[PDB]
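As structure tokens, one chain now follows by itself in the form deposited in one PDB entry.
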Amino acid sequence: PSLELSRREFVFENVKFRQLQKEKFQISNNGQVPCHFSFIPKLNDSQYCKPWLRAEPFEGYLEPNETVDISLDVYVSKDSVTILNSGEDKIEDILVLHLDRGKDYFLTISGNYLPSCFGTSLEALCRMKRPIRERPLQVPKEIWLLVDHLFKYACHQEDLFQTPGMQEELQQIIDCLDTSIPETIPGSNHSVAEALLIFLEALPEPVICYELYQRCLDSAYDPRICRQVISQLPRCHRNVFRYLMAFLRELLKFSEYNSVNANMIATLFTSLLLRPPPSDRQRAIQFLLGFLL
């Protein structure tokens, strides 16, 4: 049982939120007998790598001496963006490729991460007046810029919030917001709309803070009480919530053109603005609908 590896060190340079990278290498069974290889967790872990990394494939069989290409894939999703933004984690790791009944091959993962305004907290964003990678704001300039664009160009946009944008454009939008305060956000209306949704979904702390979540549900049927739960939010969360509710009510006025109705808004934004750490799903939509109507 022996393996030959084309390389053992891999660099993931300038890693960005939601931008896929792949570092490929070739494994070749140079032994005299067939071998089984698989990536394994380092002593006392659950997984063989961190969330933003993946091996494809991560296990296999090799006769002597067939070869197999392994793809080491880096993808920073909403699960990891905040810890990488923060520096609580780094683009580094060790992959232990294991021969069943044999040697271990150590692969070293290195590189660097570029922080994004996406996956950054509303509070920190409201405290930063310049782009992340160039008295606090009432709302993050980045959410203002996205909503500003939609308000200007997308009020009459067919199927707004129902058609997915373009992956390329999404990334352009995020990079744009990370590095500039532009005169125009690039990309179609559908892209900007989806970037907004992604922004809300990427928030380390949802627009409606986690601890208020349960109170929201309980209060779901009394409009005077829902509004008061909202009052408990920190200033920037309260402002973003009110801002968005006002925006969505604005869009509802043009429903005959943009197809944005209360149904769709409820089901789409509820889960984004009101996350937990069933029929609670119903009190949630009810909670939101209370504000839209």
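Numbering starts at 1 and follows the sequence shown. Rigid core (definition): largest C-alpha set, two forms, superposition within 1.5 Å.
Keep in mind that the form deposited in another entry is not shown, yet the notes after this line are about it.
Novice: With the two forms aligned on the rigid core, which of the residues 188, 167, 180, 71 moves its CA by 2 Å or more between the shown form and the other one?
Specialist: Comparing both forms, the shifted residue turns out to be 71.
Novice: My question is whether residue 248 is one of the residues whose C-alpha shifts by 2 Å or more between the shown form and the other one, given a fit on the rigid core.
Specialist: It does not reach a 2 Å shift.
Novice: After a rigid core superposition, would you say the CA of residue 257 moves by 2 angstroms or more between the shown form and the other one, or not?
Specialist: No, because once the rigid core is superposed, the C-alpha of residue 257 moves less than 2 Å between the shown form and the other one.
Novice: For residue 233, is the CA shift between the shown form and the other one at least 2 Å following rigid-core superposition?
Specialist: After core superposition, the C-alpha of residue 233 moves less than 2 Å between the shown form and the other one.
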